[PDB]
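Q: turn this into a structure:
(2 chains, ligands or ions: 2)
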Amino acid sequence: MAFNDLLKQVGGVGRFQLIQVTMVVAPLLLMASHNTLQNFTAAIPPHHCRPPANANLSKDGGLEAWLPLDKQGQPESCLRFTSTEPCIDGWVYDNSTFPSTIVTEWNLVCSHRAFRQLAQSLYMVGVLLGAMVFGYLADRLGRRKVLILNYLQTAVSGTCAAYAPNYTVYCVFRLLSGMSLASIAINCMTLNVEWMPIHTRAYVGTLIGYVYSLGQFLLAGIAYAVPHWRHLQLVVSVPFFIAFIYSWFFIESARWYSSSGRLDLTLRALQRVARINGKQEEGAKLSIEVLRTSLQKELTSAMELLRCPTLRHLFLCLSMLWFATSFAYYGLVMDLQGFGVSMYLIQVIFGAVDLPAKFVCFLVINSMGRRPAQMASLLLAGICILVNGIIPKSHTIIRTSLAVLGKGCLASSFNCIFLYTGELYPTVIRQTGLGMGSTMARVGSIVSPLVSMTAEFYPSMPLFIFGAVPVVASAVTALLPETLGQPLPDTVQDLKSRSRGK
Amino acid sequence: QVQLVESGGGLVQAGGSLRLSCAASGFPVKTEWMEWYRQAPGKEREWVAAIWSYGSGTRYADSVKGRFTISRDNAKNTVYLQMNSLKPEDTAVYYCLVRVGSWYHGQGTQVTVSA
Ligand SMILES: C[C@H](Cn1cnc2c(N)ncnc21)OCP(=O)(O)O
Ligand SMILES: [Cl-]
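A: Numbering: from 1, shown residues only, chains lettered A, B, ... in the order given. Ligands and ions are numbered 1, 2, ... in the order given. You can find the structure just below:
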């Protein structure tokens, strides 16, 4: 007799649990698209200083006289001759493959070239802020309401960023877009896992991963179809508007409704879910007197997490792991322009490599365990992207294959760390531990553009940092115990006994 | 201040060879870049050749490969040019540039290829 008892009594496979779930997980395609979009909407095209309009191009022997050349046979991208002097008359961007990008629009090249990555950094800051603040807001207020608000804020911020006069406007609107986007991403999963039985959470997670991969595919296709950034952002943001229009039929989470100490509206929601499921004879007996008799056992953070020494150590380790994994993953994903091959093809391959990597890590965890899977995936990813950084541009196919293997390894590592933190933390603080791990992952995704910021120092040092971090994470995560034997600890007492008894 | 005086001009028939060099003072020639330009009469500045620092690399243009040769030394701290099979279109004033997009460029030498 619990919430799952009522849920099974009403159904679990009926039309509601399919329609609501698929409606709420549909925008994960645009989740992935919006997360990666900065790569396509801010790609730098070849550019060079513009000769002054007063000078006669015909009488000066062409533009080749006014543009100093670099090694690769191209005109210098920041300097120009005085007959030197930096760009003072703007820039010239070729339109062979990019009709327009934010760098083309607002000349984020040479001096003040930091902004094309500061934009992504601010967007990730918005993601983290939205995640934490709207997690608190969802706990305080509800799920359906906050998800609808995130829908609307995401749509509005996407449109406003698509039509942005200045650059600070664009950065602020990206920040608010992330503010809403992290919240929708977390709340969709929480609502799905709260409106389903216990034995379907794995199915929900697998479906979420599949929708994310399909979102990578959709972003690749939509970028191939629409190259213009102003059209691209609007076209990737307006389906959020249509989904907000059609998402007023959502049913709120009944578990959280019961958790509020009030049950009449919970009864109303359960009656409604009985109506939509088409099963009324079994749902007729539902009434007030059965709610308390069925839900009474369960009715009866950072400070305690940081106090206990074992808890503090487990935090520090898991936070480092999450931080390194997300940091490396987003550092690798955000940079695909410099791979030689067209961004659409490499994006398609990156999306495709998700499923085989998922199958590989599933086979490993169901065959050997979790900690060796972590070691293998992280070490292979770090080595692969380090070799990518050390291989010069002159080679293309090998670099792209290494990058694809690295992306697959990061995806497998993400799945593995999710499962490992699920089967590692005690049930007393497991949810808070997951929250802290996710927050540290968002911190890593925040820092990754900051690390890529300083590529002005060395041509490929950001790749070196991205490849150095996960080897350190793998080295420091060695002490972590393996949970293949299914200990499933509850409180801190089990952890010490299990560690001693391991 | 930094000087980039240069010498090696003369009147020589086509198909000969000259001796061109830039006297670099104030900086080690092995530590910065090096470049080469001509301004033929009736034409404009044209890139010729470049040699990096510490002998990292050296690349040429379409009319420089197989015809000109540029080397460096450390004792005299200078950059030296060698050439052969000169043609009348090569008649130009040659300018020495310390670095790409750099403010230090030499006075130039006048070399003539008399057919
Ligand atoms: C299954 C994934 C695990 N996870 C958790 N955090 C991340 C990040 N930052 N990138 C990729 N994947 C992540 O979460 C669903 P989401 O990424 O929010 O669609
Ligand atoms: Cl998240």
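Q: nearest to ligand 1 within the stretch 1-150 of chain A, name that residue for me.
A: residue A:31 (5.1 Å; C-beta to the nearest ligand atom). Heads up, the C-betas are built off the backbone N, CA and C, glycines and all.
Q: also chain B?
A: residue B:56 (39.7 Å).
Q: cool, the stretch 251-400 of chain A as well?
A: Proximity of the stretch 251-400 of chain A to ligand 1 (C-beta to the nearest ligand atom) peaks at residue A:326, 4.9 Å away.
Q: touching, that residue and residue A:446? I think so.
A: No - look at residue A:326 against residue A:446 with C-beta atoms under 8 Å: they stay out of range, at 9.1 Å.
Q: any idea how far residue A:165 is from the residue in chain A sticking out farthest from the centre?
A: Centroid-distance maximum for chain A: residue A:59 at 53.6 Å, with C-alpha atoms, centre = their mean. For residue A:59, the distance to residue A:165 (C-beta to C-beta, to the nearest Å) stands at 38 Å.
Q: and stretch A:126-139, how far from the chain's centre?
A: With C-alpha atoms, centre = their mean, to the nearest Å as the basis, stretch A:126-139 stands 15 Å off its chain's centre.
Q: how about that stretch and ligand 1, touching?
A: No - shown here: stretch A:126-139 not in contact with ligand 1 (C-beta under 6 Å from any ligand atom), separated by at least 8.4 Å.
Q: and the contacts of that stretch?
A: Identification of contacts with stretch A:126-139 by C-beta atoms under 8 Å, 6 or more residues apart in numbering or on different chains yields A:146, A:150, A:174-183, A:186-187, A:190, A:435, A:438-439, A:442-443, A:445-446.
Q: narrow those to those in helices?
A: Among those, the ones falling in helices (DSSP state H) are A:146, A:150, A:174-183, A:186-187, A:190, A:435, A:438-439, A:442-443, A:445-446.
Q: what about ligand 1: which of those touch it?
A: residue A:445.
Q: can you tell me which of the ones in helices among the contacts of stretch A:126-139 are buried?
A: The neighbour-count criterion (16 or more other C-beta atoms under 10 Å in any protein chain shown) marks A:146, A:150, A:174-183, A:186-187, A:190, A:435, A:438-439, A:442-443, A:445-446 among the ones in helices among the contacts of stretch A:126-139 as buried.
Q: contact residues of chain B facing chain A?
A: B:43-47, B:50, B:57, B:59, B:100-103 (C-beta under 8 Å from any C-beta of the partner chain).
Q: reformat those residues as a markdown table; add neighbour count and distance to residue A:105.
A: Below are the residues of chain B next to chain A laid out as a markdown table (neighbours: other C-beta atoms under 10 Å in any protein chain shown; distance: C-beta to C-beta, whole Å):
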| residue | neighbour count | distance to residue A:105 |
| --- | --- | --- |
| B:43 | 13 | 36 |
| B:44 | 16 | 32 |
| B:45 | 20 | 32 |
| B:46 | 17 | 34 |
| B:47 | 21 | 31 |
| B:50 | 22 | 33 |
| B:57 | 10 | 35 |
| B:59 | 16 | 34 |
| B:100 | 18 | 27 |
| B:101 | 20 | 25 |
| B:102 | 14 | 31 |
| B:103 | 11 | 31 |
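Q: report the two of those separated the most.
A: Within the residues of chain B next to chain A, two members stand farthest from each other by C-beta to C-beta: B:43 and B:57, at 27.2 Å.
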